[PDB]
file coords38.pdb (PDB, C-alpha atoms)
ATOM      1  CA  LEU A   7      59.301 103.109  95.203  1.00  0.00           C
ATOM      2  CA  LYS A   8      60.168 101.077  92.103  1.00  0.00           C
ATOM      3  CA  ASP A   9      62.871  98.539  91.350  1.00  0.00           C
ATOM      4  CA  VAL A  10      65.561  99.728  88.956  1.00  0.00           C
ATOM      5  CA  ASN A  11      66.059  96.219  87.529  1.00  0.00           C
ATOM      6  CA  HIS A  12      63.297  95.831  84.944  1.00  0.00           C
ATOM      7  CA  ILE A  13      64.216  92.218  84.103  1.00  0.00           C
ATOM      8  CA  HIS A  14      61.372  90.364  85.828  1.00  0.00           C
ATOM      9  CA  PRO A  15      58.656  87.930  84.743  1.00  0.00           C
ATOM     10  CA  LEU A  16      55.766  89.894  83.313  1.00  0.00           C
ATOM     11  CA  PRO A  17      53.046  90.084  85.999  1.00  0.00           C
ATOM     12  CA  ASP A  18      49.805  88.332  85.028  1.00  0.00           C
ATOM     13  CA  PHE A  19      50.993  87.693  81.463  1.00  0.00           C
ATOM     14  CA  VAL A  20      48.144  85.293  80.649  1.00  0.00           C
ATOM     15  CA  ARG A  21      45.165  87.517  81.482  1.00  0.00           C
ATOM     16  CA  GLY A  22      46.699  90.174  79.274  1.00  0.00           C
ATOM     17  CA  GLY A  23      45.922  89.692  75.618  1.00  0.00           C
ATOM     18  CA  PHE A  24      42.638  88.141  76.673  1.00  0.00           C
ATOM     19  CA  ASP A  25      41.882  91.753  77.611  1.00  0.00           C
ATOM     20  CA  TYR A  26      42.112  92.502  73.877  1.00  0.00           C
ATOM     21  CA  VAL A  27      39.056  90.398  72.999  1.00  0.00           C
ATOM     22  CA  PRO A  28      36.932  93.261  71.617  1.00  0.00           C
ATOM     23  CA  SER A  29      33.530  93.176  73.337  1.00  0.00           C
ATOM     24  CA  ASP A  30      33.247  89.775  75.059  1.00  0.00           C
ATOM     25  CA  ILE A  31      31.963  88.446  71.719  1.00  0.00           C
ATOM     26  CA  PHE A  32      33.759  85.122  72.164  1.00  0.00           C
ATOM     27  CA  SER A  33      33.980  85.060  75.964  1.00  0.00           C
ATOM     28  CA  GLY A  34      31.902  82.283  77.475  1.00  0.00           C
ATOM     29  CA  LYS A  35      32.078  80.119  74.355  1.00  0.00           C
ATOM     30  CA  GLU A  36      34.667  77.696  75.834  1.00  0.00           C
ATOM     31  CA  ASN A  37      35.817  76.766  72.319  1.00  0.00           C
ATOM     32  CA  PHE A  38      37.835  79.816  71.252  1.00  0.00           C
ATOM     33  CA  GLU A  39      39.241  80.430  74.733  1.00  0.00           C
ATOM     34  CA  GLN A  40      40.952  77.046  74.966  1.00  0.00           C
ATOM     35  CA  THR A  41      42.515  77.475  71.530  1.00  0.00           C
ATOM     36  CA  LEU A  42      43.857  80.904  72.488  1.00  0.00           C
ATOM     37  CA  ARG A  43      44.911  79.829  75.984  1.00  0.00           C
ATOM     38  CA  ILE A  44      46.860  76.836  74.671  1.00  0.00           C
ATOM     39  CA  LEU A  45      48.909  79.058  72.356  1.00  0.00           C
ATOM     40  CA  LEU A  46      49.486  81.899  74.820  1.00  0.00           C
ATOM     41  CA  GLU A  47      50.520  79.629  77.692  1.00  0.00           C
ATOM     42  CA  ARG A  48      53.427  78.405  75.554  1.00  0.00           C
ATOM     43  CA  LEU A  49      54.887  81.917  75.631  1.00  0.00           C
ATOM     44  CA  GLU A  50      54.612  81.770  79.428  1.00  0.00           C
ATOM     45  CA  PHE A  51      57.326  79.120  79.589  1.00  0.00           C
ATOM     46  CA  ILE A  52      59.593  80.975  77.159  1.00  0.00           C
ATOM     47  CA  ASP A  53      58.963  84.273  78.950  1.00  0.00           C
ATOM     48  CA  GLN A  54      59.927  82.699  82.270  1.00  0.00           C
ATOM     49  CA  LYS A  55      63.178  81.187  80.971  1.00  0.00           C
ATOM     50  CA  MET A  56      64.232  84.554  79.526  1.00  0.00           C
ATOM     51  CA  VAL A  57      65.066  85.621  83.086  1.00  0.00           C
ATOM     52  CA  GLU A  58      67.169  82.636  84.161  1.00  0.00           C
ATOM     53  CA  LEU A  59      69.169  83.076  80.958  1.00  0.00           C
ATOM     54  CA  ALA A  60      70.217  86.405  82.516  1.00  0.00           C
ATOM     55  CA  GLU A  61      69.730  85.772  86.242  1.00  0.00           C
ATOM     56  CA  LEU A  62      71.688  82.514  86.394  1.00  0.00           C
ATOM     57  CA  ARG A  63      74.665  83.904  84.451  1.00  0.00           C
ATOM     58  CA  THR A  64      75.592  86.244  87.318  1.00  0.00           C
ATOM     59  CA  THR A  65      78.598  85.150  89.359  1.00  0.00           C
ATOM     60  CA  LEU A  66      76.590  85.084  92.600  1.00  0.00           C
ATOM     61  CA  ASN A  67      74.239  82.311  91.435  1.00  0.00           C
ATOM     62  CA  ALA A  68      76.194  80.778  88.533  1.00  0.00           C
ATOM     63  CA  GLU A  69      76.371  76.992  88.796  1.00  0.00           C
ATOM     64  CA  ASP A  70      79.699  75.188  88.475  1.00  0.00           C
ATOM     65  CA  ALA A  71      78.879  73.955  84.961  1.00  0.00           C
ATOM     66  CA  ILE A  72      79.004  77.563  83.708  1.00  0.00           C
ATOM     67  CA  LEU A  73      80.864  79.291  86.555  1.00  0.00           C
ATOM     68  CA  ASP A  74      83.985  77.846  84.936  1.00  0.00           C
ATOM     69  CA  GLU A  75      83.227  80.015  81.902  1.00  0.00           C
ATOM     70  CA  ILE A  76      83.141  83.123  84.098  1.00  0.00           C
ATOM     71  CA  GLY A  77      86.389  82.112  85.778  1.00  0.00           C
ATOM     72  CA  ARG A  78      87.983  81.262  82.442  1.00  0.00           C
ATOM     73  CA  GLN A  79      87.555  84.826  81.181  1.00  0.00           C
ATOM     74  CA  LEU A  80      89.384  86.056  84.299  1.00  0.00           C
ATOM     75  CA  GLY A  81      92.162  83.450  84.193  1.00  0.00           C
ATOM     76  CA  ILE A  82      91.066  81.793  87.462  1.00  0.00           C
ATOM     77  CA  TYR A  83      91.006  78.095  86.635  1.00  0.00           C
ATOM     78  CA  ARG A  84      89.138  75.538  88.724  1.00  0.00           C
ATOM     79  CA  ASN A  85      92.202  73.390  89.500  1.00  0.00           C
ATOM     80  CA  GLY A  86      90.946  71.137  92.334  1.00  0.00           C
ATOM     81  CA  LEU A  87      88.514  73.601  93.915  1.00  0.00           C
ATOM     82  CA  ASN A  88      84.882  72.667  94.510  1.00  0.00           C
ATOM     83  CA  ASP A  89      81.856  74.818  93.756  1.00  0.00           C
ATOM     84  CA  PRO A  90      81.203  76.482  97.155  1.00  0.00           C
ATOM     85  CA  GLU A  91      84.770  77.747  97.562  1.00  0.00           C
ATOM     86  CA  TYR A  92      85.514  78.210  93.856  1.00  0.00           C
ATOM     87  CA  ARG A  93      83.031  81.069  94.100  1.00  0.00           C
ATOM     88  CA  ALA A  94      85.015  82.511  97.008  1.00  0.00           C
ATOM     89  CA  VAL A  95      88.388  82.515  95.244  1.00  0.00           C
ATOM     90  CA  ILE A  96      86.847  84.248  92.227  1.00  0.00           C
ATOM     91  CA  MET A  97      85.569  87.029  94.481  1.00  0.00           C
ATOM     92  CA  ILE A  98      88.827  87.303  96.432  1.00  0.00           C
ATOM     93  CA  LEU A  99      91.143  87.607  93.432  1.00  0.00           C
ATOM     94  CA  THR A 100      88.864  90.062  91.628  1.00  0.00           C
ATOM     95  CA  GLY A 101      88.581  92.236  94.729  1.00  0.00           C
ATOM     96  CA  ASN A 102      92.367  92.348  95.045  1.00  0.00           C
ATOM     97  CA  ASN A 103      92.684  94.705  92.057  1.00  0.00           C
ATOM     98  CA  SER A 104      91.604  97.773  94.084  1.00  0.00           C
ATOM     99  CA  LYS A 105      93.403  97.109  97.367  1.00  0.00           C
ATOM    100  CA  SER A 106      96.361  98.425  99.330  1.00  0.00           C
ATOM    101  CA  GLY A 107      96.801  95.848 102.116  1.00  0.00           C
ATOM    102  CA  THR A 108      96.057  98.195 105.004  1.00  0.00           C
ATOM    103  CA  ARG A 109      94.932  96.928 108.397  1.00  0.00           C
ATOM    104  CA  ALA A 110      91.426  98.296 107.873  1.00  0.00           C
ATOM    105  CA  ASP A 111      91.436  96.960 104.314  1.00  0.00           C
ATOM    106  CA  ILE A 112      92.532  93.436 105.266  1.00  0.00           C
ATOM    107  CA  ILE A 113      89.715  93.145 107.806  1.00  0.00           C
ATOM    108  CA  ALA A 114      87.190  94.009 105.100  1.00  0.00           C
ATOM    109  CA  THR A 115      88.208  91.177 102.760  1.00  0.00           C
ATOM    110  CA  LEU A 116      88.261  88.587 105.548  1.00  0.00           C
ATOM    111  CA  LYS A 117      84.831  89.871 106.577  1.00  0.00           C
ATOM    112  CA  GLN A 118      83.127  88.229 103.583  1.00  0.00           C
ATOM    113  CA  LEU A 119      84.506  84.761 104.423  1.00  0.00           C
ATOM    114  CA  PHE A 120      83.833  84.401 108.167  1.00  0.00           C
ATOM    115  CA  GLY A 121      80.787  86.497 109.051  1.00  0.00           C
ATOM    116  CA  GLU A 122      80.979  89.466 111.401  1.00  0.00           C
ATOM    117  CA  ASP A 123      82.727  88.055 114.483  1.00  0.00           C
ATOM    118  CA  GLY A 124      84.444  85.046 112.918  1.00  0.00           C
ATOM    119  CA  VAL A 125      87.841  86.697 112.375  1.00  0.00           C
ATOM    120  CA  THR A 126      90.329  88.825 114.304  1.00  0.00           C
ATOM    121  CA  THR A 127      93.867  90.033 113.586  1.00  0.00           C
ATOM    122  CA  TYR A 128      96.783  90.625 115.944  1.00  0.00           C
ATOM    123  CA  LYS A 129      99.758  92.770 114.949  1.00  0.00           C
ATOM    124  CA  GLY A 130     103.427  92.545 115.875  1.00  0.00           C
ATOM    125  CA  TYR A 131     106.410  94.885 116.045  1.00  0.00           C
ATOM    126  CA  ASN A 132     108.737  93.300 113.458  1.00  0.00           C
ATOM    127  CA  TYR A 133     106.438  92.744 110.472  1.00  0.00           C
ATOM    128  CA  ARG A 134     104.521  90.070 112.392  1.00  0.00           C
ATOM    129  CA  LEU A 135     100.822  89.667 111.622  1.00  0.00           C
ATOM    130  CA  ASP A 136      98.381  87.042 112.880  1.00  0.00           C
ATOM    131  CA  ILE A 137      95.016  85.808 111.593  1.00  0.00           C
ATOM    132  CA  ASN A 138      92.409  84.155 113.822  1.00  0.00           C
ATOM    133  CA  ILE A 139      89.371  82.228 112.569  1.00  0.00           C
ATOM    134  CA  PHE A 140      86.330  81.319 114.665  1.00  0.00           C
ATOM    135  CA  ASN A 141      83.453  80.385 112.331  1.00  0.00           C
ATOM    136  CA  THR A 142      84.941  78.953 109.141  1.00  0.00           C
ATOM    137  CA  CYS A 143      82.345  77.471 106.789  1.00  0.00           C
ATOM    138  CA  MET A 144      84.801  76.133 104.185  1.00  0.00           C
ATOM    139  CA  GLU A 145      88.077  74.237 104.215  1.00  0.00           C
ATOM    140  CA  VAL A 146      90.872  76.788 104.449  1.00  0.00           C
ATOM    141  CA  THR A 147      93.997  75.073 103.091  1.00  0.00           C
ATOM    142  CA  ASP A 148      92.845  75.482  99.485  1.00  0.00           C
ATOM    143  CA  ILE A 149      91.899  79.125 100.114  1.00  0.00           C
ATOM    144  CA  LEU A 150      95.217  79.836 101.841  1.00  0.00           C
ATOM    145  CA  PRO A 151      97.280  80.713  98.721  1.00  0.00           C
ATOM    146  CA  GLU A 152      95.121  83.764  98.019  1.00  0.00           C
ATOM    147  CA  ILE A 153      95.147  84.907 101.660  1.00  0.00           C
ATOM    148  CA  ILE A 154      98.877  85.531 101.182  1.00  0.00           C
ATOM    149  CA  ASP A 155      98.503  87.481  97.948  1.00  0.00           C
ATOM    150  CA  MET A 156      96.675  90.538  99.338  1.00  0.00           C
ATOM    151  CA  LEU A 157      99.333  91.256 101.980  1.00  0.00           C
ATOM    152  CA  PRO A 158     102.330  93.618 101.790  1.00  0.00           C
ATOM    153  CA  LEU A 159     105.503  92.408 100.102  1.00  0.00           C
ATOM    154  CA  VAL A 160     107.248  91.782 103.436  1.00  0.00           C
ATOM    155  CA  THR A 161     104.510  90.411 105.703  1.00  0.00           C
ATOM    156  CA  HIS A 162     105.253  87.689 108.251  1.00  0.00           C
ATOM    157  CA  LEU A 163     102.078  85.693 108.768  1.00  0.00           C
ATOM    158  CA  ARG A 164     100.671  83.064 111.105  1.00  0.00           C
ATOM    159  CA  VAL A 165      97.370  81.261 110.534  1.00  0.00           C
ATOM    160  CA  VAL A 166      95.361  79.579 113.289  1.00  0.00           C
ATOM    161  CA  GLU A 167      91.813  78.278 112.939  1.00  0.00           C
ATOM    162  CA  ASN A 168      89.381  77.081 115.592  1.00  0.00           C
ATOM    163  CA  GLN A 169      85.631  76.767 116.126  1.00  0.00           C
ATOM    164  CA  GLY A 170      84.203  79.415 118.437  1.00  0.00           C
ATOM    165  CA  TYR A 171      86.237  81.616 120.769  1.00  0.00           C
TER     166      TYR A 171
ATOM    167  CA  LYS B   3     111.526  64.719 147.373  1.00  0.00           C
ATOM    168  CA  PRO B   4     108.882  64.394 144.648  1.00  0.00           C
ATOM    169  CA  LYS B   5     106.511  61.564 145.475  1.00  0.00           C
ATOM    170  CA  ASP B   6     105.336  60.275 142.079  1.00  0.00           C
ATOM    171  CA  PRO B   7     106.965  59.140 138.825  1.00  0.00           C
ATOM    172  CA  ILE B   8     107.491  61.673 136.051  1.00  0.00           C
ATOM    173  CA  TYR B   9     105.141  61.115 133.120  1.00  0.00           C
ATOM    174  CA  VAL B  10     105.716  62.551 129.647  1.00  0.00           C
ATOM    175  CA  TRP B  11     103.172  64.825 127.992  1.00  0.00           C
ATOM    176  CA  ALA B  12     102.015  63.854 124.495  1.00  0.00           C
ATOM    177  CA  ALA B  13     104.598  61.078 124.435  1.00  0.00           C
ATOM    178  CA  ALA B  14     103.310  59.458 121.247  1.00  0.00           C
ATOM    179  CA  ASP B  15     104.118  60.776 117.771  1.00  0.00           C
ATOM    180  CA  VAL B  16     100.876  60.378 115.813  1.00  0.00           C
ATOM    181  CA  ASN B  17      98.473  62.366 113.662  1.00  0.00           C
ATOM    182  CA  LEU B  18      95.699  63.818 115.802  1.00  0.00           C
ATOM    183  CA  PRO B  19      92.166  62.871 114.676  1.00  0.00           C
ATOM    184  CA  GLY B  20      90.954  66.468 114.734  1.00  0.00           C
ATOM    185  CA  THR B  21      93.870  67.757 112.661  1.00  0.00           C
ATOM    186  CA  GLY B  22      95.401  64.783 110.884  1.00  0.00           C
ATOM    187  CA  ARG B  23      98.817  66.325 111.594  1.00  0.00           C
ATOM    188  CA  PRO B  24     101.618  65.367 114.002  1.00  0.00           C
ATOM    189  CA  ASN B  25     100.607  65.964 117.607  1.00  0.00           C
ATOM    190  CA  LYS B  26     103.774  67.988 118.254  1.00  0.00           C
ATOM    191  CA  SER B  27     105.550  70.750 116.343  1.00  0.00           C
ATOM    192  CA  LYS B  28     108.330  73.207 117.066  1.00  0.00           C
ATOM    193  CA  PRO B  29     107.146  76.770 117.761  1.00  0.00           C
ATOM    194  CA  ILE B  30     108.564  79.365 115.397  1.00  0.00           C
ATOM    195  CA  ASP B  31     111.801  80.884 116.674  1.00  0.00           C
ATOM    196  CA  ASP B  32     110.307  84.383 116.723  1.00  0.00           C
ATOM    197  CA  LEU B  33     107.644  83.229 119.183  1.00  0.00           C
ATOM    198  CA  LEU B  34     110.236  81.533 121.398  1.00  0.00           C
ATOM    199  CA  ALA B  35     112.253  84.753 121.505  1.00  0.00           C
ATOM    200  CA  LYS B  36     109.330  86.748 122.934  1.00  0.00           C
ATOM    201  CA  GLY B  37     106.338  84.537 123.751  1.00  0.00           C
ATOM    202  CA  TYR B  38     102.637  85.267 123.555  1.00  0.00           C
ATOM    203  CA  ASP B  39     100.963  88.679 123.733  1.00  0.00           C
ATOM    204  CA  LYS B  40      97.426  89.806 124.566  1.00  0.00           C
ATOM    205  CA  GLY B  41      95.974  89.247 121.101  1.00  0.00           C
ATOM    206  CA  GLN B  42      98.101  86.273 120.089  1.00  0.00           C
ATOM    207  CA  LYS B  43      96.624  82.891 120.967  1.00  0.00           C
ATOM    208  CA  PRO B  44      98.187  79.476 121.649  1.00  0.00           C
ATOM    209  CA  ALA B  45      98.108  76.600 119.195  1.00  0.00           C
ATOM    210  CA  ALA B  46      97.635  73.013 120.339  1.00  0.00           C
ATOM    211  CA  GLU B  47     100.853  71.775 118.731  1.00  0.00           C
ATOM    212  CA  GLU B  48     103.141  74.291 120.452  1.00  0.00           C
ATOM    213  CA  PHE B  49     101.318  73.841 123.756  1.00  0.00           C
ATOM    214  CA  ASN B  50     101.838  70.078 123.698  1.00  0.00           C
ATOM    215  CA  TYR B  51     105.411  70.390 122.429  1.00  0.00           C
ATOM    216  CA  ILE B  52     106.610  72.643 125.249  1.00  0.00           C
ATOM    217  CA  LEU B  53     105.388  70.318 127.994  1.00  0.00           C
ATOM    218  CA  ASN B  54     106.613  67.245 126.120  1.00  0.00           C
ATOM    219  CA  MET B  55     110.113  68.706 125.839  1.00  0.00           C
ATOM    220  CA  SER B  56     110.163  69.668 129.514  1.00  0.00           C
ATOM    221  CA  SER B  57     109.046  66.229 130.702  1.00  0.00           C
ATOM    222  CA  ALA B  58     111.367  64.346 128.337  1.00  0.00           C
ATOM    223  CA  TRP B  59     114.392  66.342 129.472  1.00  0.00           C
ATOM    224  CA  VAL B  60     113.384  65.846 133.110  1.00  0.00           C
ATOM    225  CA  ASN B  61     113.353  62.097 132.453  1.00  0.00           C
ATOM    226  CA  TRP B  62     116.733  62.233 130.734  1.00  0.00           C
ATOM    227  CA  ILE B  63     118.194  64.110 133.708  1.00  0.00           C
ATOM    228  CA  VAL B  64     116.679  62.022 136.498  1.00  0.00           C
ATOM    229  CA  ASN B  65     116.389  58.418 135.323  1.00  0.00           C
ATOM    230  CA  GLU B  66     119.335  58.380 132.900  1.00  0.00           C
ATOM    231  CA  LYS B  67     122.057  60.914 133.660  1.00  0.00           C
ATOM    232  CA  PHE B  68     122.556  60.427 137.411  1.00  0.00           C
ATOM    233  CA  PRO B  69     122.570  56.584 137.378  1.00  0.00           C
ATOM    234  CA  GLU B  70     125.220  56.373 134.661  1.00  0.00           C
ATOM    235  CA  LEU B  71     127.221  59.204 136.216  1.00  0.00           C
ATOM    236  CA  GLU B  72     127.248  57.253 139.491  1.00  0.00           C
ATOM    237  CA  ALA B  73     128.297  54.077 137.676  1.00  0.00           C
ATOM    238  CA  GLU B  74     131.122  55.985 135.990  1.00  0.00           C
ATOM    239  CA  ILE B  75     132.180  57.451 139.341  1.00  0.00           C
ATOM    240  CA  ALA B  76     132.391  53.985 140.892  1.00  0.00           C
ATOM    241  CA  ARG B  77     134.218  52.556 137.875  1.00  0.00           C
ATOM    242  CA  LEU B  78     136.839  55.316 137.845  1.00  0.00           C
ATOM    243  CA  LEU B  79     137.732  54.697 141.487  1.00  0.00           C
ATOM    244  CA  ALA B  80     137.804  50.926 140.977  1.00  0.00           C
ATOM    245  CA  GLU B  81     140.172  51.192 138.004  1.00  0.00           C
ATOM    246  CA  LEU B  82     142.411  53.653 139.850  1.00  0.00           C
ATOM    247  CA  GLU B  83     142.597  51.338 142.869  1.00  0.00           C
ATOM    248  CA  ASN B  84     143.441  48.382 140.629  1.00  0.00           C
ATOM    249  CA  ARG B  85     146.173  50.320 138.827  1.00  0.00           C
ATOM    250  CA  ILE B  86     147.736  51.499 142.088  1.00  0.00           C
ATOM    251  CA  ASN B  87     147.541  48.111 143.802  1.00  0.00           C
ATOM    252  CA  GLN B  88     149.216  46.373 140.867  1.00  0.00           C
ATOM    253  CA  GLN B  89     152.300  48.549 141.361  1.00  0.00           C
ATOM    254  CA  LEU B  90     152.069  48.189 145.144  1.00  0.00           C
ATOM    255  CA  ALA B  91     152.132  44.401 144.793  1.00  0.00           C
ATOM    256  CA  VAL B  92     155.057  44.713 142.373  1.00  0.00           C
TER     257      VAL B  92
END

call {"tool": "encode", "arguments": {"input": "coords38.pdb", "output": "structure tokens"}}
result
Amino acid sequence: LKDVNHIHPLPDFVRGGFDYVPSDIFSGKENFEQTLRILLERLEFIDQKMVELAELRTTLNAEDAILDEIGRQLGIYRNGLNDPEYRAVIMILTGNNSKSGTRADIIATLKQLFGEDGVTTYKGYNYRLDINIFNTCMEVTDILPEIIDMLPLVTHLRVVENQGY
Amino acid sequence: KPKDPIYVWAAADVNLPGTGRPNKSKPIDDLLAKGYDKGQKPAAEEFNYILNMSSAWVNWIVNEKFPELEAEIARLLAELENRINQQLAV
């Protein structure tokens, strides 16, 4: 019924405070109101930017200019990656820390990179595993090094990518 | 007898526009040992390579091996006849 995240712009900030004019003594004088409005409306701008200072620092929306700072703390350097996929690698490596490389587990990680039906996985008798891609939205060669990391120590892997079925 | 000349598949060795990689590649030995399964799917490179190899070897058998084998057969008999007839004349 209520949002748990209380960090939001204050609703109707301006009309508040004006509500503290005692008994409409000054209201309708058009000389005191403008002086008060001009000062209060400055806080509006500062109040608004208080959110982006917290909202924009999250990894989901962080821009490349500062996303590097988030990656730097985790040891994931930009190298030659671009912004749209640099976000992906950060998620992939971080998610690897609570993984076991099971068949059900592997499907889950690939799920975040290719939608619901964009990926499928065949399995083979002698350590063979196969990955199929149908709806890639980013160039895969640069993402490939991580795709190896979350697999068992002895996996034998093939990678094939195509658009659609 | 077959009625038409034998063309090669993917004869050229060039980078495909879609991939930017050579149009032919060797399939991995494991796949050759067993081949495709239900889930496994074919790649363009292997698909082209198999047919290219088949057609190229068919060329090498038909248009190269038999003609030179026939020439060698004729030459052997000619040299043998010459060698024998030299002694016969002697």

call {"tool": "resolve_selection", "arguments": {"input": "coords38.pdb", "expression": "the PyMOL selection byres ((chain A) within 10 of (chain B))", "output": "JSON, numbers by chain"}}
result
{"A": [126, 127, 128, 129, 130, 132, 134, 135, 136, 137, 138, 164, 165, 166, 167, 168]}

call {"tool": "atom_distance", "arguments": {"input": "coords38.pdb", "atom1": "CA of residue 35 (chain B)", "atom2": "CA of residue 23 (chain B)"}}
result
24.9 Å

call {"tool": "closest_residue", "arguments": {"input": "coords38.pdb", "among": "A:55, A:105, A:12, A:84", "to": "residue 156 (chain A)", "atoms": "only C-alpha atoms"}}
result
A:105

call {"tool": "resolve_selection", "arguments": {"input": "coords38.pdb", "expression": "the PyMOL selection byres ((chain A and resi 124) around 12)", "output": "count of residues only"}}
result
24

call {"tool": "atom_distance", "arguments": {"input": "coords38.pdb", "atom1": "CA of residue 110 (chain A)", "atom2": "CA of residue 158 (chain A)"}}
result
13.3 Å

call {"tool": "resolve_selection", "arguments": {"input": "coords38.pdb", "expression": "the PyMOL selection byres ((chain B and resi 53-61) around 12)", "output": "list in words"}}
result
residues 7, 8, 9, 10, 11, 12, 13, 14, 15, 25, 26, 27, 28, 29, 46, 47, 48, 49, 50, 51, 52, 62, 63, 64, 65, 66, 67, 68 and 69 of chain B

call {"tool": "atom_distance", "arguments": {"input": "coords38.pdb", "atom1": "CA of residue 162 (chain A)", "atom2": "CA of residue 33 (chain B)"}}
result
12.0 Å

call {"tool": "closest_residue", "arguments": {"input": "coords38.pdb", "among": "A:38, A:47, A:97, A:53", "to": "residue 13 (chain A)", "atoms": "only C-alpha atoms"}}
result
A:53

call {"tool": "axis_aligned_box", "arguments": {"input": "coords38.pdb", "around": "region 15-22 of chain B", "padding_each_side": "8 Å", "output": "lines of an AutoDock Vina configuration file"}}
result
center_x = 97.5
center_y = 64.1
center_z = 114.3
size_x = 29.2
size_y = 23.4
size_z = 22.9

call {"tool": "residues_around", "arguments": {"input": "coords38.pdb", "residues": "residue 27 (chain A)", "least_positions_apart": "5", "cutoff": "12 Å", "atoms": "only C-alpha atoms", "output": "ChimeraX atom specification"}}
result
/A:21-22,32-34,38-39,42

call {"tool": "decode", "arguments": {"input": "coords38.pdb", "residues": "region 39-52 of chain B", "atoms": "N, CA, C and O atoms", "output": "PDB file, in the first residue's frame"}}
result
ATOM      1  N   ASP B  39      23.244 -34.104 -33.382  1.00  0.00           N
ATOM      2  CA  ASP B  39      22.181 -34.698 -32.587  1.00  0.00           C
ATOM      3  C   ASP B  39      20.933 -33.828 -32.698  1.00  0.00           C
ATOM      4  O   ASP B  39      20.926 -32.808 -33.391  1.00  0.00           O
ATOM      5  N   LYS B  40      19.863 -34.244 -32.014  1.00  0.00           N
ATOM      6  CA  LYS B  40      18.624 -33.469 -32.025  1.00  0.00           C
ATOM      7  C   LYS B  40      18.872 -32.002 -31.703  1.00  0.00           C
ATOM      8  O   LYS B  40      18.626 -31.118 -32.532  1.00  0.00           O
ATOM      9  N   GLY B  41      19.367 -31.723 -30.496  1.00  0.00           N
ATOM     10  CA  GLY B  41      19.558 -30.348 -30.071  1.00  0.00           C
ATOM     11  C   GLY B  41      20.630 -29.600 -30.827  1.00  0.00           C
ATOM     12  O   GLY B  41      20.440 -28.423 -31.146  1.00  0.00           O
ATOM     13  N   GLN B  42      21.748 -30.252 -31.124  1.00  0.00           N
ATOM     14  CA  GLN B  42      22.845 -29.580 -31.802  1.00  0.00           C
ATOM     15  C   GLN B  42      22.384 -29.073 -33.165  1.00  0.00           C
ATOM     16  O   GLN B  42      21.508 -29.654 -33.810  1.00  0.00           O
ATOM     17  N   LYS B  43      22.983 -27.964 -33.597  1.00  0.00           N
ATOM     18  CA  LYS B  43      22.558 -27.291 -34.813  1.00  0.00           C
ATOM     19  C   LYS B  43      23.752 -27.020 -35.717  1.00  0.00           C
ATOM     20  O   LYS B  43      24.874 -26.835 -35.222  1.00  0.00           O
ATOM     21  N   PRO B  44      23.552 -26.987 -37.037  1.00  0.00           N
ATOM     22  CA  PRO B  44      24.696 -26.842 -37.943  1.00  0.00           C
ATOM     23  C   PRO B  44      25.152 -25.397 -38.053  1.00  0.00           C
ATOM     24  O   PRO B  44      24.351 -24.465 -37.997  1.00  0.00           O
ATOM     25  N   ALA B  45      26.462 -25.225 -38.211  1.00  0.00           N
ATOM     26  CA  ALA B  45      27.028 -23.916 -38.495  1.00  0.00           C
ATOM     27  C   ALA B  45      27.297 -23.783 -39.987  1.00  0.00           C
ATOM     28  O   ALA B  45      27.531 -24.774 -40.684  1.00  0.00           O
ATOM     29  N   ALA B  46      27.263 -22.544 -40.479  1.00  0.00           N
ATOM     30  CA  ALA B  46      27.443 -22.311 -41.907  1.00  0.00           C
ATOM     31  C   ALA B  46      28.811 -22.786 -42.378  1.00  0.00           C
ATOM     32  O   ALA B  46      28.937 -23.392 -43.450  1.00  0.00           O
ATOM     33  N   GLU B  47      29.854 -22.516 -41.591  1.00  0.00           N
ATOM     34  CA  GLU B  47      31.207 -22.854 -42.022  1.00  0.00           C
ATOM     35  C   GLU B  47      31.361 -24.351 -42.254  1.00  0.00           C
ATOM     36  O   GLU B  47      31.842 -24.773 -43.309  1.00  0.00           O
ATOM     37  N   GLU B  48      30.958 -25.166 -41.279  1.00  0.00           N
ATOM     38  CA  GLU B  48      31.075 -26.615 -41.423  1.00  0.00           C
ATOM     39  C   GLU B  48      30.228 -27.113 -42.588  1.00  0.00           C
ATOM     40  O   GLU B  48      30.657 -27.980 -43.364  1.00  0.00           O
ATOM     41  N   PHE B  49      29.011 -26.584 -42.709  1.00  0.00           N
ATOM     42  CA  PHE B  49      28.126 -26.991 -43.792  1.00  0.00           C
ATOM     43  C   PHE B  49      28.780 -26.760 -45.145  1.00  0.00           C
ATOM     44  O   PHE B  49      28.816 -27.661 -45.989  1.00  0.00           O
ATOM     45  N   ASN B  50      29.317 -25.559 -45.364  1.00  0.00           N
ATOM     46  CA  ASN B  50      29.994 -25.280 -46.623  1.00  0.00           C
ATOM     47  C   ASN B  50      31.225 -26.158 -46.793  1.00  0.00           C
ATOM     48  O   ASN B  50      31.494 -26.655 -47.895  1.00  0.00           O
ATOM     49  N   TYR B  51      31.986 -26.356 -45.715  1.00  0.00           N
ATOM     50  CA  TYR B  51      33.256 -27.067 -45.819  1.00  0.00           C
ATOM     51  C   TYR B  51      33.051 -28.509 -46.256  1.00  0.00           C
ATOM     52  O   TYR B  51      33.824 -29.033 -47.065  1.00  0.00           O
ATOM     53  N   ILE B  52      32.034 -29.178 -45.712  1.00  0.00           N
ATOM     54  CA  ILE B  52      31.821 -30.582 -46.058  1.00  0.00           C
ATOM     55  C   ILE B  52      31.591 -30.729 -47.557  1.00  0.00           C
ATOM     56  O   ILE B  52      32.249 -31.532 -48.239  1.00  0.00           O
TER      57      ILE B  52
END
